[PDB]
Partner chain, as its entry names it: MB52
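Only one chain comes next, encoded as structure tokens, the form solved without the partner chain.
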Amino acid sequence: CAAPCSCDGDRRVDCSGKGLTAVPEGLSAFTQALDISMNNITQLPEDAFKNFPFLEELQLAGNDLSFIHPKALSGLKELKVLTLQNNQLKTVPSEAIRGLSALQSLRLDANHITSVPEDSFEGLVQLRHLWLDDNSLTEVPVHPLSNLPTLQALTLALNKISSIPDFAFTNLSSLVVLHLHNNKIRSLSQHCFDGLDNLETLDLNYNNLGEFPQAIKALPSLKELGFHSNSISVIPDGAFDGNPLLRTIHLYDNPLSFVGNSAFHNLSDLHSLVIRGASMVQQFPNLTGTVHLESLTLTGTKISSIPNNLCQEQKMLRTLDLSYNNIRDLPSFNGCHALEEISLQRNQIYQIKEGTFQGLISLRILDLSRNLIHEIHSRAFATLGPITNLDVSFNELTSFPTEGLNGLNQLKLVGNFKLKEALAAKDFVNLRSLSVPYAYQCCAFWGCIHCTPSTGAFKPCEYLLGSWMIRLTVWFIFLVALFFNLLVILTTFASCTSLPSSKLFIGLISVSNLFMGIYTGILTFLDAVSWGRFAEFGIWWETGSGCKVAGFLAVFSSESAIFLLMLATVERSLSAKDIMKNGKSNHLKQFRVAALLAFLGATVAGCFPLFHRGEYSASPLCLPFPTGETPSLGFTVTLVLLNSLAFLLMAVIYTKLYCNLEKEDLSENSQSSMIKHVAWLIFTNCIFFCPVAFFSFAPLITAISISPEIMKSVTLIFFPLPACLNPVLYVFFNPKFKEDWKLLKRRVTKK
């Protein structure tokens, strides 16, 4: 056991990674296994292994070997394993390995071999395993291989072989495993595999086969046959006639178009059959005889009907995937006692009968999403066993049965917009994950179960308004706005006199505000009616016309009020100019027409969401201001940008008129009261519009997150706050209202 070679008592010497440049010397004459891999031997001199007559295993991996003398391996009459992978050999050393009369395993992979001499492998009468993959071979070495009748395993992968000639393996009767993956094989002659009667595994993955390899019919003992990642498109009838013992076929990642109907018949040992993308197949494959199938997969085809005897033939079937087809009617699944997973999504099933799923005692996962199911029998799931996952999402469901569903863990029904009824929570004891078309169906299950969509603050379950403080505040706003708006309207329009533009505009803002008051009253009345049970009313309210009407009223009132404020401020500025410009303003008819135009614009703005779908149904409040949508965000940002532009326009107009206004001009002039009133109105309106605008801008900025209840409460408390506030300033701060009320009192007393 001379240094630097490690040595144990089993006659095995290890010298890997010692940086040797030649074979080590001084070792025991009785060495049986020598390992000199990972060394730096770039050449083997003549008779370099004359000191190891009893050698049996030799390794030269990773040595950058380039030239081997013909007599280098002389005297190795007991060599059994010789490895030469990961080197710089460019031709197979036929002369050197001629004397190895007892070799059984030879490795030549990961080299730069390009040509095999015709006389190679002579004398290797005991060879069993041959490695030749990862080289630069361009053709099958038929003649050199013909000298190895005892070969059992041969690999030629990762080469540059283009085609296989006829009778390339006429000898090699005892061959069992042949590998040819990652080659460039495109053409196989009809009798290329003749003589391989004992072959069991054939590998042809990652090749360029265009047509089906008909030559495989001369392999009666085939068990595995893989040609996936190829260019095979059509598999003709009786393709596997000559291989009755097939177990697995690898044919995925292929441009498959059509499959013969009787291609996969008999084949009594086939275990799995997965075919995808066979878009030209119309009938279910004729699987008579195939009784050992444990998994079926036929997706992307035009299959329309499932044969009835599918469960009678495939006794041991475990998984059945038949998605992406044109299946309309389902057969009776009785007898598929071993069936566990069924996938039928993206089909055209329009109903489920009572007996469709009878006898599936082992069913665990069932998929039926993206179908046209409009009716499910009430007892359709009575006979199920440990069913854990059910999926009926994206269908035309109107009611959902619940018997026998106690064992469910995950259930999906998202997309069934026609499903309005509420699921009973007592029939889903073990349910853990749920999905429903509307969040209001999730209220019953939560025991305050990860269900979606979440019943957030914007979609309440018990109380529409929420806290009692918010309810009281909204009630107070409603009553104050209603009563004060009637008072102001009656006072302003109860005198049959000429109405100046200021008084007309104040009354017009008041009547506009009356509709926001009506909207708040609708909110409080709906909340009071649905006190504690809003979950039942939520779906009917949102999908019904009531939400549309309330949202239209709110939007119309807000926009009409804003535009009326714009026109009133413009009129005030114009009249202020005209006071010393002409002394007489004659724009009454024009201002009336402009007010009508503003009202019609508000009406069209309110009616715009009606044509769109789902804009008004985001929240039970029926306001466009969302919790985050892609269309509603656009509509709201357009509206709020218009409002902010309006606000800055009125602000700059008011600052301009204040700058042009002289300080002493406000001492006793009557219009001073009106201009102060308009200033206060714009003050409160612009102040109270900021929170809604900033919360609608909030989801555009990801750096700030607000819990839903905050925006819900501030919108409930601030959107109609100007509604109640605006007439209060007019009634309690405008001296003109005093004389107007006195005139109305005199008129009432006279009548």
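Residue numbers count along the first chain shown, from 1.
If you look for the form solved in complex with the partner chain, you will not find it shown, but the lines that follow are about it.
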item	value
Interface membership of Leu76, the partner chain in the deposited bound form, 4.5 Å heavy atom rule	no
Contact test in the deposited bound form: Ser94 vs the partner chain, heavy atoms, 4.5 Å	yes
Contact of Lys548 with the partner chain in the deposited bound form (heavy atom, 4.5 Å)	no
4.5 Å heavy atom contact, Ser28 to the partner chain in the deposited bound form	no
Proximity to the partner chain in the deposited bound form, single hit among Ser279, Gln190, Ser399, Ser115 (heavy atom within 4.5 Å)	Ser115
Listed residue (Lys217, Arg98, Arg328, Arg186) with a non-hydrogen atom within 4.5 angstroms of the partner chain in the deposited bound form	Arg98
Residue stretch of 233-241, 496-504, 376-384, 82-90 approaching the partner chain in the deposited bound form, non-hydrogen atom distance within 4.5 Å	82-90
Sequence-ordered list of residues in 54-80 near the partner chain in the deposited bound form, where near means a heavy atom within 4.5 Å	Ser66, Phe67, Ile68, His69, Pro70
